[PDB]
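S.K.:
Below, the structure written as structure tokens:
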């Protein structure tokens with residue numbers, strides 16, 4: 073598990089979460105579940121639920137897409153609760169658009185990636201915590 077291996081793996085992860093539309097959101101959602109640890113997935117869902125973004129896309133029939141504003145960094149790394157973790161951070165530009173609309177947001181995604189058995193996640197690592205903020 074390289075630091076760069078985790079960084080990129082964390083790069084796809086973030087962008088994937090903001091790549092879906094009102095037509096396929098269920099496939100896209102469920103697809104990116106491998107990216108997450110057992111609880112990181114529960115956390116990610118709970119966060120989705122609380123946000124409306126999804127209801128917005130479904131309602132206004134939008135196509136979400138995102139791109140990395142800057143390169144992802146590792147704020148801190150090392151053992152957290154007997155599991156080696158990386159706290160990766162990266163800004164993105166989300167683009168909620170349709171035939172009628174076109175919005176953009178500047179977001180900062182922060183993920184806690186930890187090590188996990190390859191018997192459940194062939195990669196070896198997983199997002200234990202996915203957290204979005206503005207600017």
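Numbering (PDB author numbering), first residue to last: 73 to 207. Using N, Cα and C, we set each Cβ at its ideal position, and we do this for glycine too.
Tell me which residue opens and which closes the alpha helix (DSSP H) that residue 112 is part of.
M.R.: Within the chain shown, numbered from 1, the residue matching residue 112 stands at position 40. Unbroken alpha helix (DSSP H) run through residue 112: 110 to 122.
S.K.: Ends of the alpha helix (DSSP H) at residue 76?
M.R.: Here residue 76 is taken as the residue at index 4 of the chain shown, counted from 1. Residue 76 -> alpha helix (DSSP H) spans 75 to 89.
S.K.: To which residues of the same chain is residue 139 closer than 6 Å at the C-beta, ignoring the five residues directly before and after it?
M.R.: By 1-based counting over the chain shown, the position of residue 139 is 67. Result list for residue 139: 165, in chain order.
S.K.: Going by DSSP, what residues sit across from residue 157 in a beta bridge?
M.R.: On the chain shown, residue 157 is found 85 positions in, with the first residue counted as 1. In DSSP, residue 157 forms a bridge with 150 and 186.
S.K.: In or out: residue 175 buried (at least 16 other Cβ within 10 Å) or exposed?
M.R.: Taking the chain shown and counting its residues from 1, one reaches residue 175 at position 103. It is exposed - the Cβ of residue 175 has fewer than 16 other Cβ atoms within 10 Å.
S.K.: Ignoring anything shorter than 4 residues or poking outside the region 159 to 183, list the alpha helix (DSSP H) runs there in chain order.
M.R.: Entirely contained in the region 159 to 183, not one alpha helix (DSSP H) run reaches 4 residues.
S.K.: So, with DSSP's three-state summary, where would you put residue 129?
M.R.: Taking the first residue of the chain shown as 1, we reach residue 129 at position 57. Note: residue 129 maps to helix in three-state DSSP.
S.K.: Cα separation between residue 154 and residue 76?
M.R.: Here residue 154 is taken as the residue at index 82 of the chain shown, counted from 1. Here residue 76 is taken as the residue at index 4 of the chain shown, counted from 1. About 22 Å.
S.K.: Applying the criterion that 16 or more other CB atoms from any shown protein chain within 10 Å of the CB defines a buried residue, is residue 85 buried or exposed?
M.R.: The residue given as residue 85 occupies position 13 in the chain shown. With 16 or more other Cβ atoms within 10 Å, it is buried.
S.K.: Count the other CB atoms, across all protein chains shown, that sit within 10 Å of the CB of residue 190; report buried if there are 16 or more and exposed otherwise.
M.R.: Along the chain shown, one-based indexing puts residue 190 at 118. Exposed, since its Cβ has fewer than 16 Cβ neighbours within 10 Å.
S.K.: Of the choices 78, 114, 111 and 120, whose alpha-carbon is the least far from that of residue 89?
M.R.: Within the chain shown, the letter at position 17 stands for residue 89. With distances taken between Cα atoms, residue 89 lies closest to 120.
S.K.: Exposed or buried, what is residue 168 when buried is set at 16 or more other beta-carbons lying within 10 Å of its beta-carbon?
M.R.: As a working mapping, residue 168 is identified with position 96 in the chain shown. Flag for residue 168 reads buried.
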